[PDB]
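S.K.: Below you'll find the sequence and an experimental structure to go with it.
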Amino acid sequence: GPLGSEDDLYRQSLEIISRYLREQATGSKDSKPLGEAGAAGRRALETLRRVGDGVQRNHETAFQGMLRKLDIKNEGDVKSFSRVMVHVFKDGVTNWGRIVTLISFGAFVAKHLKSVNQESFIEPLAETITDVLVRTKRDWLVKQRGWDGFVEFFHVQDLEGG
């Protein structure tokens with residue numbers, strides 16, 4: 001049925017986004033590792049976790065001004081996320097770092113939404129951030145084998161080049 005000409009990545013992009021945003025919102029480290037998303041999720045949830053911890057420390061100024069400018073009240077405030085969706089890739093040249101900031105913002109905003117006890121809008125929050133993530137950078141995701149590519153860019157563990 002679903003399997004065919006539909007979207008295979010989206011399924012994953014969601015599996016990992018949920019897994020990531022869920023572990024972030026709670027703040028507690030997940031004990032159960034990946035086992036459905038495949039290879040991407042395994043190295044993604046761990047990579048994204050690290051890049052996120054850094055992104056937040058690197059954007060604390062931006063993140064503070066971005067979320068402060070917004071104000072999640074209902075599922076309608078998600079429109080504000082759409083604004084940052086574009087503002088994230090403001091630069092003509094597309095870089096994984098930019099896409100990392102997008103996932104980094106909503107991920108940080110999700111944990112923020114949970115800090116105020118509004119998980120109600122969180123469920124749709126994650127569903128949107130993901131949709132808008134793979135659906136906004138689909139062409140790229142298709143031109144860069146999506147998920148696998150993301151990790152291809154971050155195939156570095158304890159090594160640094162440039």
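M.R.: Good, I have the coordinates. Residues are numbered from 1 along each chain as shown.
S.K.: Settle this for me: residue 17 is touching residue 132, isn't it.
M.R.: No - the pair residue 17 and residue 132 fails to qualify as a contact (C-beta atoms under 8 Å) at a distance of 10.5 Å. C-beta here means a position set from N, CA and C on the backbone, and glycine is covered the same way.
S.K.: out of the two, which sits in the more crowded spot?
M.R.: A direct count of neighbours by other C-beta atoms under 10 Å for residue 17 and residue 132 places residue 17 higher, at 26 against 18.
S.K.: so how far is residue 130 from that one?
M.R.: Residue 17 sits 4 Å away from residue 130, taking C-beta to C-beta, to the nearest Å as the criterion.
S.K.: Kindly report the same for residue 115.
M.R.: 21 Å.
S.K.: neighbour count winner among the two?
M.R.: When residue 115 and residue 130 are compared for neighbours, residue 130 comes out ahead with 22 against 10, by other C-beta under 10 Å.
S.K.: For that one, give me its contacts.
M.R.: For residue 130, the contact set (C-beta atoms under 8 Å, 6 or more residues apart in numbering) comprises 10, 13, 14, 17, 18.
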